[PDB]
Each structure stands twice: as structure tokens, then as C-alpha cells.
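Enquirer:
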Ligand SMILES: *[C@@H]1O[C@H](CO)[C@@H](O[C@@H]2O[C@H](CO)[C@@H](O[C@@H]3O[C@H](CO)[C@@H](O)[C@H](O)[C@@H]3O)[C@H](O)[C@H]2NC(C)=O)[C@H](O)[C@H]1NC(C)=O
Ligand SMILES: *[C@@H]1O[C@H](CO)[C@@H](O)[C@H](O)[C@H]1NC(C)=O
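Residue numbers (our numbering), protein chains in the order written: chain S, 1 to 175; chain D, 176 to 350; chain X, 351 to 525; chain V, 526 to 797.
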């Protein structure tokens with residue numbers, strides 16, 4: 001992947017998470033489960049929807065009858081007509097094929113970028129209060145209940161609130 | 176430069192490095208020399224190759240004879256033919272000139288971006304185990320043999336393995 | 351912004367600085383005021399001037415008379431002439447509209463990049479001898495007179511000359 | 526041309542000015558109300574082609590190719606006037622043509638030739654008259670079965686008058702067709718007729734340019750130079766695009782439908 005998250009340091013996808021494209025798995029004393037980050041998912045769904053509509057709706061054609069009829073003494077203009085139909089066929093086929101090829105690659109990179117930014121948003125929030133244990137997972141140095149978990153997902157994690165407890169537990173763990 | 180690396184905080188290029196576009200100079204107790212980061216170079220070479228082929232291969236023309244012949248009482252259609260040839264000439268010339276101008280700028284910015292990301296990948300790996308001494312160079316606070324050097328280039332540098340020795344040497348150096 | 355400086359971590363522009371596009375505000379014991387970094391401004395003015403001339407001067411047309419006259423039994427070639435004039439009108443209008451849209455975005459990103467590189471050039475010069483207090487401002491840990499200020503703007507700031515005094519003041523401030 | 530179109534000006538319509546001195550022009554201006562042209566109804570053959578060929582000329586000299594007083598001793602060169610082409614209320618005709626009619630009761634076979642010794646191309650125009658009735662044919666030309674022949678090293682056409690009553694246009698039930706050809710230097714043009722020939726009187730020595738065009742507009746003419754002209758007015762710009770008029774003459778910016786093409790040069794403006 002272009003950004004390294006999908007099929008990268010996050011190795012696989014979650015069939016268990018069904019309500020969103022990008023989300024979270026959590027586990028605390030209150031239990032575990034999957035949840036989807038609604039903001040990032042809806043932003044990506046809006047973006048891709050706009051992309052598909054842009055590809056479709058920018059093609060606005062008028063009423064037209066492609067066919068033409070020529071008699072046996074009009075072979076040259078008949079071939080001229082064929083060249084026009086063929087040239088348009090070649091232009092549209094090649095352009096359509098490459099547009100799908102190139103934009104499909106951009107779409108997968110887009111998802112890869114969205115995952116990386118989501119991981120980095122959390123990592124920049126938790127800082128040293130949690131450990132980066134790989135596969136997109138953070139292991140906390142302080143207890144993080146459901147309310148604390150939602151604050152991380154909401155982008156409102158209070159680092160100073162838990163920094164002292166995490167610091168003491170981190171030093172004890174490392175010692 | 177748009178990203179600040181080329182002709183920026185890395186002032187010049189290396190004629191001594193001949194096997195790649197972006198790479199490393201190293202110096203340890205075992206010696207010194209130039210080496211090229213193969214992954215970043217091959218990715219950039221693949222990217223630029225695709226760019227050049229895209230510019231060339233998207234132009235697919237058919238068989239065509241531009242010339243037309245008109246008699247002395249057909250001056251108006253002769254001039255109409257000239258307007259068509261001239262209009263196509265103006266459109267293609269202007270578009271070709273600007274395409275090369277704009278995409279050349281994008282290409283140099285691309286190289287600038289690739290260098291900056293390469294520098295930042297190393298800096299984020301070494302953290303405080305080395306000092307940023309300018310010109311894209313890192314001076315280590317711990318001995319980094321050939322194996323250690325390759326780990327940095329391979330993106331597998333073990334920061335905790337050397338963190339204690341670097342910390343002791345850093346504090347001694349700063350004291 | 352694409353680079354984060356303009357309308358980013360540097361929130362607003364300076365009406366007080368009138369002699370340049372990118373510059374400095376300084377304040378020391380000798381006073382305060384605005385000054386413009388001449389090198390970065392002149393480089394950007396040269397760059398944008400070349401961009402505008404490139405857009406204008408690559409259009410080189412010849413002498414031409416667009417008009418054509420057809421009698422009442424020449425409707426088909428009259429419509430053919432109209433198709434040529436209309437097709438050229440559609441091609442030039444669409445290309446002109448998108449060229450201005452796309453290159454205007456590139457121009458604002460260019461200014462954003464120039465500001466970021468200017469900020470980063472200073473930050474990489476001062477290192478720990480000053481504190482990053484936000485909004486593009488550096489607060490020094492050692493007295494920096496007018497001569498010292500000009501050295502920073504000239505890219506000749508002598509970090510070792512003040513490193514000891516800044517280190518002592520930094521540790522005292524942090525204690 | 527003002528009151529006249531190219532047909533009236535090049536034929537000598539009575540309501541049109543005449544160029545005596547050798548002249549040149551970079552393009553031609555008609556007004557939307559220039560409605561004089563061929564005051565005797567008929568068809569001007571390859572009229573649009575002639576307009577294109579005259580749009581710009583380096584040199585242009587009118588000369589009396591067949592002088593009126595000496596070229597037609599056996600034909601009447603004074604009665605060929607009509608109420609379709611009035612001058613000051615009296616019957617008249619085109620200045621550059623002479624409507625030859627029978628002298629007395631005889632119209633002998635006509636034969637007149639001109640050799641181009643002007644060193645440049647000569648534009649020669651002539652007309653063929655198609656009367657409304659057999660009475661009208663004989664009252665003008667005395668001969669019932671007539672022909673016209675015009676021949677050059679490259680031109681060769683035989684004309685046969687077509688007599689019938691057409692709907693009145695400018696009180697004329699007959700018709701007159703107008704023809705032109707360019708005689709190259711050193712070539713001869715021959716006229717032959719037993720009637721119905723509207724002979725040239727004034728021809729035009731000229732040198733064509735690379736073709737300009739024709740502007741039909743009411744915009745006045747002033748002593749400004751310009752390098753790009755439109756029917757609305759002249760354009761002085763180095764900018765690559767314009768939205769004033771799609772039909773222009775000269776080295777001009779490309780025409781676009783855009784109302785605003787503003788290119789950013791400075792920064793995003795964020796005061797306070
Ligand atoms: C030069 O151009 C002017 C027009 O710009 C010509 O004047 C027009 O002459 C026609 C002649 O057929 C007039 O129309 C006729 O008017 C009478 C009386 O109203 C009517 O009986 C007919 O049925 C027909 O409508 C027209 O009014 C007149 N226009 C003006 C503005 O005076 C003029 O004849 C041209 N001269 C030459 C030598 O080409
Ligand atoms: C136009 O240019 C010609 C040729 O140089 C010159 O004679 C004339 O005065 C110019 N007219 C104006 C209005 O500048």
C-alpha cells in the first residue's frame with residue numbers, strides 16, 4: 001500500500017466490525033467489542049460517493065442517432081463515417097479503461113491514507129500513556145474505562161489526567 | 176524546493192553515489208562509503224516511468240492525411256481548412272508547452288518529497304540515539320556497526336537495544 | 351493549506367510588514383519592528399513572474415481572419431464552419447477555466463511552502479537555544495541583539511557561540 | 526463602403542463612391558444596412574469568392590480597360606441606362622460597365638480583346654442581360670438568337686440569353702447576371718457577342734495579399750492602429766484570452782465564453 005497501513009502494519013481487516021469502514025476494537029474491565037469511527041467512515045463514504053457521481057454525471061450527452069446510410073457509389077463517405085465511429089470508439093475505450101485503472105488505485109490508497117491518519121491521531125493523543133504493540137493496537141499504562149475509551153475515539157483524550165499514573169506504571173513495568 | 180530537502184537543508188548532490196537516486200553515506204569503525212536506498216529509488220523510478228508512459232501512450236492517433244487540395248474558386252473552404260489546421264496547431268502547441276512546464280515542476284517536487292520522507296524516516300527511527308548535525312547527517316550517540324547501519328536503511332533499527340548506552344553517552348557529552 | 355503554515359500554525363498575515371511577502375518580526379532590547387526576508391521574497395517573485403509569463407507568452411498566434419461567408423445553398427459548409435468555431439470555443443474555454451483553477455491552487459500552496467521552509471530554516475538554526483512558542487515565533491534563551499538577529503535572517507546564526515548561556519538559562523527556566 | 530456592399534462598389538452602383546487614386550486596404554467594412562449592390566436584379570456568380578479575394582490587397586488601380594469614346598464605334602454606348610439604377614432621379618447604370626445596345630437597327634458581331642500589360646493581376650467584370658420578352662431582345666440588340674463568348678488562357682465560357690418574364694424586382698422583369706475573372710500578366714481576355722453583353726469599361730489592376738476578412742458593423746472608423754480587430758472594436762492586449770467577439774481579424778487572443786479569468790499571484794489575504 002502507498003501509505004503502509006492497509007495490508008501493512010495493520011495486517012488484515014475485521015469481519016467482526018460490520019457497521020463501518022474504519023474503526024476500533026477495545027478491551028477493558030467492562031468487556032470488549034468492535035466499534036466504527038463514524039466521522040472518518042462518513043467522510044470517506046461522502047468522498048467516494050462524490051467520486052463515483054463525478055465520474056458518472058460529468059458525462060452529459062444529447063439526443064443523437066449514430067447510424068448513417070450510403071448507397072453503393074458513396075463508399076468513401078461511408079468509410080469516413082466508419083472512421084469517425086471507430087475513432088470515437090478507440091478514444092472512449094482507452095480512456096475508460098485507464099480511468100478505472102488509475103482511479104481504482106487512487107481509491108485503495110485513499111482508504112490506506114484514512115487508516116494511517118486514524119492510527120496516527122490516536123498515537124499522537126496517547127503519547128507515552130500507552131505502548132505501541134503493533135498491528136494498530138495500543139496497550140494502556142493506565143486503566144481506560146468505557147468513558148475514557150470514548151474520549152480517545154472522540155479526540156478528547158485527557159493526557160494530563162492519567163499521565164502520572166501511567167508514568168508510575170510505565171517505570172515499574174520497564175524496571 | 177517545495178519540500179525543503181533538495182537544494183535546501185541537504186545542500187548538494189553526491190556524484191560519489193552512482194547506483195541510485197536517493198541513498199546514504201555512512202562512516203563507522205569498519206570504514207565509509209556511499210550506498211543507495213533501493214526501495215525508495217525503485218519506487219521513484221517506477222513512478223517516473225509510469226508518468227512518462229502516461230504522457231506518451233495516452234496519445235493514440237489513427238491513420239489520417241492532413242492535406243487538402245482546392246482550386247482557385249474554392250478559396251473560402253481552403254481558408255476554412257487552414258483555420259482547422261491552425262487551430263489544432265495552436266491548441267496542441269500551447270497544451271504541450273504548458274504540460275511540460277507544469278509536470279517538470281511536479282517531477283522536481285516529487286524528488287524533493289522523496290528525499291524529505293527518507294530523511295524523516297531515519298530521524299523518526301533514531302530519535303535521541305543520534306544528533307541531527309545538519310545537511311541530512313546523523314551523528315550517533317552509540318557505536319553503529321555495519322549490521323546496525325543496514326537496520327537503519329532497512330527500517331528495522333532497534334531503538335531500545337541502544338537507548339541506554341546512547342542516553343549515558345548523550346548526558347556525558349552534554350555535561 | 352497544503353503545507354500547514356499559511357492559515358495554519360501561523361494564523362494570520364501582517365499588514366505591518368509592507369516591503370515583502372515573507373519576513374520577520376523581531377523584538378530585543380534595541381526595539382522591535384517588521385522586516386522582510388529579501389531572498390525568499392525575490393525568489394518567489396521571480397518564480398511567480400515566470401509562471402505568469404509562461405501562461406501568457408506560450409500563446410503565440412498568427413494573423414488570421416475567423417469570419418467566413420456562405421450563400422443560401424451552402425448551409426452544410428456554413429454549419430461545418432460553425433462546428434469548427436464552436437469546438438475551438440469549447441476547448442479553449444474549458445482549458446482556460448481549469449488552468450486558472452488548478453494553477454491558482456498551486457500558487458497558494460507555493461506561498462504556503464515558502465513560509466514553512468522559512469520557519470523550518472530558522473528552527474533548524476536555533477535548535478534548543480530558543481523555544482517554539484507557536485504562531486511562528488521563537489523566544490530566545492539568550493539575548494539576541496540586532497547583529498544576532500541579522501545572523502539568523504542571513505542564515506549565519508552561530509549556535510555554539512550562545513549554546514552555553516542558553517543551556518544555563520534554559521535549565522534555570524525549566525527548574 | 527458605407528451605403529454600399531462589395532457588389533455595388535466593384536460594379537459602380539450610382540449610390541457608391543469611386544476610387545481614382547491607387548489604393549490599398551487591410552480589410553473591408555460594410556454596414557448592416559449596406560443594401561445597394563446590383564441595382565438591376567440578377568445573380569452575381571461566385572460573389573462570396575470575389576469578396577474573399579478582395580478582402581485585402583497590396584495594390585489596387587482602376588483603369589479604363591475599354592475606353593467608352595473609342596472602343597465601340599459600331600454599337601451604341603449611350604442609351605444603356607435604366608430606371609433600376611437611378612442617379613439624381615434620371616436613369617443611369619453601373620460606372621464600371623457599359624450596357625451596349627444596337628446602333629440604329631444593326632448590332633454587328635462584337636469582338637474586343639485586352640492584353641494585360643500592367644505587370645499584376647487584372648480583375649475584369651462583365652454582365653449578361655436576359656430580356657423579359659422577344660420584343661425586348663430585338664428592341665435592344667436587333668438579333669433574336671444571340672450568344673456571348675468570353676475567353677482567356679484559362680477562362681472559356683459561352684453564354685446564351687434566357688428570355689422570359691420574371692416577377693418584377695425594382696420594376697425589372699428581365700435579369701442580368703454578373704461575372705468576373707482575374708487575368709494574369711501577359712494574358713489576353715477576348716469578348717465576343719451578337720448581343721446581350723454588358724461590356725467592361727473599368728478594370729482593376731491589383732495584387733492580392735494573404736487573405737484578410739470582412740467586418741459588417743456600424744462601429745465607426747478612426748485613425749487608431751491596433752493589431753487585433755473585432756466588429757465591436759479593436760483589442761490591444763498581450764493576454765491570451767478575450768471574450769469580446771469570436772469573429773476577429775489579426776493576431777488575436779483566443780475567444781472564450783469566460784466572464785472572469787483571475788490568476789492569483791500573491792498570497793491568501795488574512796489581515797487581523
Ligand atoms: C440604394 O439603396 C436604397 C436603399 O438603401 C434604395 O432605395 C430603395 O429603393 C427601392 C426601389 O425598389 C424602394 O422600394 C420601393 O419603394 C416604392 C415606393 O415606396 C414601392 O413602390 C416599391 O414596392 C418598393 O418598396 C425603397 O423604398 C428605397 N429605400 C429608400 C430608403 O429610399 C436605392 O434604390 C438604392 N439605389 C441603387 C442605385 O442601388
Ligand atoms: C500606425 O503606424 C504607422 C506605421 O508606423 C504610422 O504611420 C501611424 O502614425 C501609426 N498610427 C498611430 C495612430 O499611432
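Just so you know, even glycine gets a beta-carbon here, dropped at the ideal spot from N, CA and C.
For the beta strand (DSSP E) containing residue 317 of chain D, name the first residue and the last one.
Expert: On the second chain, position 142 is the one that residue 317 of chain D refers to. Where residue 317 of chain D is concerned, there is no enclosing beta strand (DSSP E), given that its DSSP letter is neither H nor E.
Enquirer: Within the same chain, show all residues whose beta-carbon is closer than 6 Å to that of residue 706 of chain V, passing over the 5 residues directly before and after it, in chain order.
Expert: Residue mapping note: residue 706 of chain V aligns to position 181 of the fourth chain, counting from 1. Taken in chain order, the residues that qualify are 649, 680.
Enquirer: Once DSSP output is grouped into helix, strand and coil, what is the label at residue 491 of chain V?
Expert: There is no way to answer for residue 491 of chain V, as the model of chain V reaches only from 526 to 797.
Enquirer: Would residue 34 of chain S count as contacting chain D if we go by Cβ distances under 9 Å?
Expert: As a working mapping, residue 34 of chain S is identified with position 34 in the first chain. Not one chain D Cβ lies under 9 Å of residue 34 of chain S.
Enquirer: Any residues in the segment 240–256 of chain D with a beta carbon nearer than 7 Å to a beta carbon of chain V? Which ones, in chain order?
Expert: Residues passing the 7 Å Cβ filter: 248, 250, 251, 254.
Enquirer: Tell me the DSSP bridge mates of residue 637 of chain V?
Expert: For the purposes of this step, residue 637 of chain V is taken as residue 112 along the fourth chain, with counting starting at 1. Residue 637 of chain V pairs with V:716.
Enquirer: Out of V:665, V:657, V:715, state which residue places its alpha-carbon closest to the alpha-carbon of residue 636 of chain V.
Expert: Here the question's residue 636 of chain V lines up with position 111 in the fourth chain. Checking every option, the nearest Cα to that of residue 636 of chain V belongs to V:715.
Enquirer: Considering only heavy atoms of ligand 2, list every residue whose Cβ is less than 6 Å from one of them, following chain order.
Expert: Checking every Cβ against the heavy atoms of ligand 2 under 6 Å gives V:748, V:749, V:750.
Enquirer: Taking the alpha carbon of residue 217 of chain D as the reference point, which residue from D:289, D:228, D:313 has its own alpha carbon closest?
Expert: By one-based count along the second chain, residue 217 of chain D stands at place 42. When each option's Cα is compared against that of residue 217 of chain D, the closest is D:289.
Enquirer: By Cβ distance, which residues of its chain are closer than 7 Å to residue 596 of chain V, with the 5 residues on each side in sequence left out?
Expert: The count along the fourth chain starts at 1 and reaches residue 596 of chain V at position 71. Within the same chain, residue 596 of chain V has close Cβ partners 637.
Enquirer: Between residue 629 of chain V and residue 671 of chain V, is the Cβ-Cβ spacing less than 9 Å?
Expert: In the fourth chain, the residue the question calls residue 629 of chain V occupies position 104. In the fourth chain, the residue the question calls residue 671 of chain V occupies position 146. No, Cβ-Cβ distance for residue 629 of chain V and residue 671 of chain V is not below 9 Å.
Enquirer: State yes or no: is the C-beta of residue 692 of chain V nearer than 8 Å to some heavy atom of ligand 1?
Expert: By 1-based counting over the fourth chain, the position of residue 692 of chain V is 167. Outside the cutoff, so no.
Enquirer: Hey, does residue 441 of chain X have any beta-carbon neighbour from chain D nearer than 9 Å?
Expert: Here residue 441 of chain X corresponds to residue number 91 of the third chain, with the count starting at 1. By this cut-off, residue 441 of chain X is an interface position.
Enquirer: For residue 237 of chain D, which residues in chain S fall below 9 Å Cβ to Cβ?
Expert: Taking the first residue of the second chain as position 1, residue 237 of chain D is located at position 62. By Cβ distance, chain S contributes 83, 86, 87, 90.
Enquirer: Return the CA-CA distance between residue 692 of chain V and residue 542 of chain V, expressed in angstroms with no decimal places.
Expert: Reading the fourth chain from its first residue, position 167 is the one you call residue 692 of chain V. Reading the fourth chain from its first residue, position 17 is the one you call residue 542 of chain V. Going by the C-alpha atoms only, they are around 30 Å apart.
Enquirer: Is any heavy atom of ligand 1 found at a distance shorter than 8 Å from the C-beta of residue 567 of chain V?
Expert: For the purposes of this step, residue 567 of chain V is taken as the residue at position 42 of the fourth chain. No; taking the cut-off as 8 Å, the Cβ of residue 567 of chain V has no heavy atom of ligand 1 nearer than that.
Enquirer: With three or more C-beta pairs closer than 8 Å as the rule, is the segment 435–443 of chain X touching the segment 597–611 of chain V?
Expert: No contact exists between the segment 597–611 of chain V and the segment 435–443 of chain X.
Enquirer: Are three or more beta carbon pairs between the segment 649–661 of chain V and the segment 746–758 of chain V nearer than 8 Å?
Expert: In short, these stretches do not touch, since the Cβ pair count stays below three.
Enquirer: Quick one: complete beta strand (DSSP E) runs, 3+ long, within the segment 17–98 of chain S?
Expert: Taking only runs of at least 3 residues, the beta strand (DSSP E) segments lying wholly in the segment 17–98 of chain S are 23–28, 31–36.
Enquirer: Counting only beta-carbon separations shorter than 9 Å, does residue 511 of chain X have a partner in chain D?
Expert: The count along the third chain starts at 1 and reaches residue 511 of chain X at position 161. Taking Cβ atoms only, chain D never reaches closer than 9 Å to residue 511 of chain X, which makes this a no.
Enquirer: Does the Cβ of residue 697 of chain V have 16 or more other Cβ atoms within 10 Å, making it buried, or fewer, making it exposed?
Expert: Within the fourth chain, the letter at position 172 stands for residue 697 of chain V. Classification for residue 697 of chain V: buried.
Enquirer: Please list the residues of the segment 176–190 of chain D that have a C-beta atom closer than 9 Å to any C-beta atom in chain X, keeping them in chain order.
Expert: Answer set for the segment 176–190 of chain D: 176, 177, 178, 179, 183, 184.
Enquirer: Would you say residue 233 of chain D lies against chain S (beta-carbon separation less than 9 Å)?
Expert: Indexing the second chain from 1 puts residue 233 of chain D at position 58. Judged by the 9 Å Cβ criterion, residue 233 of chain D is in contact with chain S.
Enquirer: Say whether the segment 41–55 of chain S touches the segment 148–162 of chain S, bearing in mind that this needs 3 or more beta-carbon pairs closer than 8 Å, one atom from each stretch.
Expert: Output reads no: the segment 148–162 of chain S does not touch the segment 41–55 of chain S.
Enquirer: Could one say the Cβ of residue 316 of chain D lies closer than 9 Å to chain V's Cβ atoms, at least one of them?
Expert: Stepping through the second chain from its first residue, residue 316 of chain D is reached at position 141. Chain V, which has no Cβ nearer than 9 Å to the Cβ of residue 316 of chain D, makes this no.
Enquirer: Touch check for the segment 467–476 of chain X and the segment 408–423 of chain X: three-plus C-beta pairs under 8 Å?
Expert: Touching, no.
Enquirer: Under three-state DSSP, which class holds residue 169 of chain S?
Expert: For the purposes of this step, residue 169 of chain S is identified with residue 169 of the first chain, where counting begins at 1. Note: residue 169 of chain S maps to helix in three-state DSSP.
Enquirer: Taking residue 110 of chain S as the query, report the chain D residues whose CB atoms sit under 8 Å from its CB, ordered along the chain.
Expert: By 1-based counting over the first chain, the position of residue 110 of chain S is 110. In chain order: nothing, as chain D lies at least about 18 Å away.
Enquirer: Going along chain D, which residues have a C-beta under 8 Å from residue 775 of chain V?
Expert: As a first step, residue 775 of chain V is located in the fourth chain; it is residue number 250 there, counting from the start. Those within 8 Å of residue 775 of chain V in chain D number zero; the least Cβ separation is about 14 Å.
Enquirer: Please report the residue range of the alpha helix (DSSP H) in which residue 664 of chain V lies.
Expert: Numbered from its first residue, the fourth chain carries residue 664 of chain V at position 139. Taken as a continuous stretch (DSSP letters only), the alpha helix (DSSP H) holding residue 664 of chain V covers 659–666.
Enquirer: Check whether the Cβ of residue 656 of chain V lies closer than 9 Å to any Cβ atom in chain D.
Expert: For the purposes of this step, residue 656 of chain V is taken as residue 131 along the fourth chain, with counting starting at 1. Judged by the 9 Å Cβ criterion, residue 656 of chain V is not in contact with chain D.
Enquirer: Would you check whether ligand 1 has a heavy atom nearer than 8 Å to the C-beta of residue 562 of chain V?
Expert: Here residue 562 of chain V corresponds to residue number 37 of the fourth chain, with the count starting at 1. At least one heavy atom of ligand 1 is nearer than 8 Å to the Cβ of residue 562 of chain V, so yes.
Enquirer: Output yes if chain D places a C-beta closer than 9 Å to the C-beta of residue 571 of chain V; else output no.
Expert: The residue labelled residue 571 of chain V in the question sits at position 46 within the fourth chain. Cβ-Cβ to chain D under 9 Å: yes for residue 571 of chain V.
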